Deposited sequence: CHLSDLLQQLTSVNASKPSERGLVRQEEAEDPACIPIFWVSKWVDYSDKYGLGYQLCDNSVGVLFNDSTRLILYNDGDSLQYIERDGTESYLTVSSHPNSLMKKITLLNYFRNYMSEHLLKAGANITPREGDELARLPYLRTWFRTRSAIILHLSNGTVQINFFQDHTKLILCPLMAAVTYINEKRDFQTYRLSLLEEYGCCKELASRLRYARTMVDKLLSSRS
């Protein structure tokens, strides 16, 4: 889950009140060695009927269906992984699949084509192993919260289009601002050096969202 480590890391940075530094040195908290491998570059909320489709920054695609099963298409365009509710994984391809999966494969194909023709790709200015899948997601009035199977939590804010990619394994957070600058910080260094009021506010929201994920599981 790693959610508990993330909650600890966020409560700690927020307790340091990072936007009340006599001198904020936010740039000094950047750490290129913590750039995340995976984040969600596009998503499509079709959850009143089928579910939530998304694209990862490596151009792989996934759907978390409303029955809480998952189908992941690797970025070779053919290799598939199916994950049942309990997490049981099967490996298959579009060319060779059980007929029971035809409907769900058809739906993933619709999502994938749409996200290849339409949306802007978050983090596109930044460059077949274990792909994470979408464990859970929810949306508020101000944001959509995405929880990946490798423990990263991504929060996309609707009103100003900024995004947080939180990785508890590196104890790091990546902030994509309005201008689509992509900046990766070590959370302990934001504790040390501070940050602007805007990012401090998103990090406060982030803690509350991680708390929600922890209080919501299974």
Missing C-alpha stretches, by deposited numbering? 128-133
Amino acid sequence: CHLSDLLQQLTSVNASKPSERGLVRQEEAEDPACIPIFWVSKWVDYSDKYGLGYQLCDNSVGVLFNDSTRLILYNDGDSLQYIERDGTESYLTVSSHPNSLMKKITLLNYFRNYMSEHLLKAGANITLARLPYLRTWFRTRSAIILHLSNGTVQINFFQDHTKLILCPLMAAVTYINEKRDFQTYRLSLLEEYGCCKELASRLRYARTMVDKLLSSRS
From here on, numbers count along this sequence of modelled residues.
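We call the rigid core the largest set of C-alpha positions that still match within 1.5 Å between the two forms.
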Core superposition done, the stretch whose Cα atoms deviate more in 4 other deposited structures of this protein, picking from 22-30 and 66-74, is 22-30
Return whichever of 110-118 or 78-86 has the larger RMS Cα deviation from the displayed form in 4 other deposited structures of this protein, where every structure is aligned on the rigid core. 110-118
Can you tell me whether 150-158 has a higher mean C-alpha B factor than 65-73 in this record, or the other way round? 65-73
May I ask you to compare 141-149 and 89-97 by their mean CA B factor in the entry and name the higher one? 89-97
What third of the chain does residue 168 rank in for C-alpha temperature factor, lowest, middle or highest? middle
Taking the entry's C-alpha B-factors for this chain, is residue 197 in the lowest, middle or highest third? middle
What third of its chain, lowest, middle or highest, does the C-alpha temperature factor of residue 16 fall into? highest
Ranked by Cα temperature factor within the chain, is residue 23 in the lowest third, the middle third or the highest third? highest
Could you look up the Cα B-factor of residue 116 in the entry and say which third of the chain it sits in: lowest, middle or highest? highest
